[PDB]
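Okay, structure first, notes after.
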Amino acid sequence: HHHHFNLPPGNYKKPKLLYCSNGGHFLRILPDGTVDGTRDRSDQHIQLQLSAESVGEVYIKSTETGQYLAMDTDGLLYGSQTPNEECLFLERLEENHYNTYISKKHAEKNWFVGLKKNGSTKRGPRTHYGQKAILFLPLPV
């Protein structure tokens, strides 16, 4: 592979909030398919159900809308109505603590899910190992 295989603990039984320490935002997949971060813990669009494909590969699905987080060919996160290759992420432990999500499709380019401090998503190519934007903590809902 192009990436390590330190996996985070826990499981996919329950939905999670993906909290980005960077700006303190929860990853949000809006009904119109846009993705951003919100600090509003009560937001209905931050509840995400992760599920495994292969070990360490996940889908990240909005429980509210059913949309799958996906990263497009230009590195933009979006909500996909159906699971496609752009929707798979390599979920890894990072800094012995956080979860990171690398686009499987673009794994060789090290494109991560990331939220900037202002709650906007990072574009894939603007992410890289070592960043704060890429570091998530899955919180219970």
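When a residue number appears, it is its place in the shown sequence, counting from 1.
Taking CG of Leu115 as the reference point, atom CD of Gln131 lies at 11.5 Å (rounded to 0.5 Å). The line from CG of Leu90 to OG of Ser103 is 7.5 Å long, rounded to the nearest 0.5 Å. The CD1 atom of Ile134 sits 8.0 Å away from atom NE2 of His128, with the distance rounded to the nearest 0.5 Å. Between the CZ atom of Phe89 and the CG atom of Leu77 there is a distance of 5.5 Å, given to the nearest 0.5 Å. With rounding to the nearest 0.5 angstrom, the OH atom of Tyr59 is 12.0 Å from the CG atom of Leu50. Rounding to the nearest 0.5 angstrom, the gap separating the NZ atom in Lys132 from the SG atom in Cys20 is 11.0 Å.
For the residue pair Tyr68 / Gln81, no side-chain donor-acceptor distance below 3.5 Å is found, with atom types taken as modelled. Side-chain N/O atoms of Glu64 and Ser62 include no donor and acceptor closer than 3.5 Å. Side-chain contact of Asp40 with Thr38: a donor-acceptor pair under 3.5 Å is absent, judged by distance alone. Between the side chains of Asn118 and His25, no donor-acceptor pair is found at a separation under 3.5 Å.
For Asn99 (side chain) and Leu93 (main-chain N/O), no donor-acceptor pair under 3.5 Å exists by modelled atom type. Panel note: side chain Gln49, backbone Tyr12; a donor-acceptor pair is recorded below 3.5 Å. Remark: side-chain polar atoms of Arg123 are paired, donor with acceptor, to backbone N or O of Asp74 under 3.5 angstrom. Side chain of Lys116 to main chain of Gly23: no donor-acceptor pair is present (N/O by atom type, distance under 3.5 Å, no hydrogens or angles). Here the side chain of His1 pairs no donor or acceptor atom with the backbone of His3 at under 3.5 angstrom. A distance-only check finds no donor-acceptor pair linking the side chain of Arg39 to the backbone of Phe26 [under 3.5 Å]. With hydrogens and angles disregarded, a donor-acceptor distance shorter than 3.5 Å links the side chain of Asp32 to the backbone of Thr34. Under the 3.5 Å distance criterion, the side-chain polar atoms of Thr63 are matched with a main-chain donor or acceptor of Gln47. With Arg28 contributing its side chain and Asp43 its backbone, the two residues share no donor-acceptor pair below 3.5 Å.
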Evaluate the criterion side-chain contact (heavy atoms from CB on, under 4.5 Å) for residue pair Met71 and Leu76; output intermediate values, then yes/no. CA-CA 5 Å; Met71 180 174 281; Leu76 297 179; 6.0 Å; no
Under the side-chain contact (heavy atoms from CB on, under 4.5 Å) criterion, do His4 and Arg92 qualify, and how do the steps go? CA-CA 8 Å; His4 70 109; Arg92 295 291 181 275; 3.4 Å; yes
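In terms of heavy atoms, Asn84 sits closest to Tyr78 at ND2-OH, 3.3 Å. The shortest heavy-atom contact between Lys122 and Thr127 is CB-CG2, 3.4 Å. Scanning both residues, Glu94 and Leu135, for their nearest heavy atoms gives CG-CD2, 3.4 Å. The two residues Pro83 and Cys87 come nearest to each other via the heavy atoms CA-SG, 3.9 Å. Shortest non-hydrogen contact noted between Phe136 and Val113 is CE1-O, 3.4 Å. Pairing each heavy atom of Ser21 with each of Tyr98, the nearest pair is OG-CE2, 3.4 Å.
By the 4.0 Å N-to-carboxylate-O rule, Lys104 lies too far from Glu85 to be salt-bridged with it.
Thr65 places a side-chain heavy atom less than 4.5 Å from the side chain of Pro31.
Criterion: ILVMFWY side-chain heavy atoms under 4.5 Å apart, direct or through other members. Under it, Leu18 and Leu139 are not part of a common hydrophobic cluster. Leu69 and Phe112 end up in different hydrophobic clusters when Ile, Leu, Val, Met, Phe, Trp and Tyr side chains are linked at under 4.5 Å. Note: the hydrophobic cluster containing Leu27 also contains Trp111 (ILVMFWY, side chain heavy atoms under 4.5 Å, direct or indirect links). Side-chain heavy atoms closer than 4.5 Å link hydrophobic residues (I, L, V, M, F, W, Y) into clusters, and following such links, possibly through other members, connects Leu17 to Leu137. The hydrophobic cluster containing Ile29 also contains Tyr101, counting ILVMFWY residues as joined when their side-chain heavy atoms lie under 4.5 angstrom apart, directly or transitively.
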